[PDB]
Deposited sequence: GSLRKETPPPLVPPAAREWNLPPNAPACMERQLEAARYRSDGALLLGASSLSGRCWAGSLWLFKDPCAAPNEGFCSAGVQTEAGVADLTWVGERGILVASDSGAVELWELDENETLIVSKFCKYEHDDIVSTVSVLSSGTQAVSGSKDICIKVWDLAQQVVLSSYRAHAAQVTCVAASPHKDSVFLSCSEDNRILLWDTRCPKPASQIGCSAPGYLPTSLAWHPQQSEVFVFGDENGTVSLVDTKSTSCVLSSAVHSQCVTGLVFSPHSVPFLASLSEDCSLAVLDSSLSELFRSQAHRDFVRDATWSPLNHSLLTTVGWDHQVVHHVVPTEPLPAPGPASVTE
């Protein structure tokens, strides 16, 4: 493909399926002479990560720490350079063009999430800060310094435009609501536990989310509730992704190089050690709801058949 690098970098960081079934890929070189990143589109997911068979490709200034679809043609990127980047597919869907690149964070941007309004997004960074973005005007609307350490994860509510979660190495899980004069509320276990590393709102229940910790525990939390947890992984829980089923499953992925699929009670249904390095993302196919695509730092794109 034109305007696409001959080879993507080894460390695969992100994998997101679009509504039509095309696969977005994010990768970064975390060693060697050049430390940069790249963005890829695979309308044929079974051809990934082979560069020749990609639909579109572009390489970025720095590494890709996190990304997310913006609608169906936009790609929002958390960059090592301290920038949040928005890229947009052309009408051809054969190029990936830079919409804006704004250097607002003083350290690595570690996490990004699109709010349900589709026109706003939240980013967390190693500079402790969290920012609310207006994608249209390409400006930061709010900059929040609620945490006391680097921000590990931000996750927007599925259907509340002003609500999102965050979790940091200061051992805080913060529930945000920008409608409140003080928009953050510290939630979670009153007693301090292990640091939280990943967050996922339940796709149906507006009050329910799960979070993983640095010790491998996956915890089911009802905020309006008055806690369910399981020791799923032997190392840090890197991400948690709910299946698109009516009664959804929970894919958990860890630095122990394993993938796990849990039901609603955090009981284990599936387990895959297909990866030989860190498992970085996992995305469910919208077309076949028992396919789960994981990527990792071993440069593998694995298509799991999940017994549903």
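field: Stretches with no C-alpha atoms in the model, relative to the deposited sequence starting at 1
entry: Missing C-alpha atoms (numbering from 1) occur across the ranges 1-21, 248-249, 332-344.
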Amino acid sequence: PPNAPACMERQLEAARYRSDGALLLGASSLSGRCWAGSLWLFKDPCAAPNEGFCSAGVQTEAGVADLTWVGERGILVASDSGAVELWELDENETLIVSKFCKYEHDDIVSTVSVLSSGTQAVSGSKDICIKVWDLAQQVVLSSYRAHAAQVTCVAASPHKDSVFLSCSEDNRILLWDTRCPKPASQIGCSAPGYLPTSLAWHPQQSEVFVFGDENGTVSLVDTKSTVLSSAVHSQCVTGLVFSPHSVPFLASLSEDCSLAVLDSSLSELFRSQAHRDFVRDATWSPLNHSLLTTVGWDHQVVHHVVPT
From here on, numbers count along this sequence of modelled residues.
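Under this definition, the rigid core comprises the largest set of C-alpha atoms superposing within 1.5 Å between the forms.
task: On a core superposition, give the stretch, 124-132 or 180-188, with the larger average C-alpha separation from this form in 6 other deposited structures of this protein (RMS over structures and residues).
output: Most displaced of the pair in 6 other deposited structures of this protein: 180-188.
query: Higher mean Cα B-factor in the deposited model: 104-112 or 217-225?
result: Stretch with the higher mean C-alpha B-factor: 217-225.
- request: Going by the average Cα B-factor in the PDB entry, point out whether 38-46 or 24-32 comes out higher.
  value: It is 38-46.
- prompt: For the listed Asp177, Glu169, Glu93, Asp80, which has the peak Cα B-factor recorded in the PDB entry?
  reply: Across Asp177, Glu169, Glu93, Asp80, the entry lists the biggest C-alpha B-factor for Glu93.
Selection by C-alpha B-factor (highest) of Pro158, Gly124, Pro196, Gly188: Spelled out: the listed residue with the top C-alpha B-factor is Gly188.
query: If you rank the chain by CA B-factor, which third does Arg10 end up in: lowest, middle or highest?
result: It belongs to the lowest third of the chain when residues are ordered by C-alpha B-factor.
Ranked C-alpha temperature factor of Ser206 among modelled chain residues, by third: Its C-alpha B-factor belongs to the highest third of this chain's values.
message: Taking only the Cα B-factors deposited for this chain, tell me whether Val279 sits in the lowest, middle or highest third.
response: Lowest third - that is where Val279 ends up once the chain's C-alpha B-factors are sorted.
message: Can you tell me whether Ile128 has a C-alpha B-factor in the lowest, middle or highest third compared with the other modelled residues of the same chain?
response: Lowest third of the chain for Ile128's C-alpha B-factor.
message: Based on the deposited C-alpha B factors for this chain, I'd like to know if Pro181 is in the lowest, middle or highest third.
response: Lowest third of the chain for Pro181's C-alpha B-factor.
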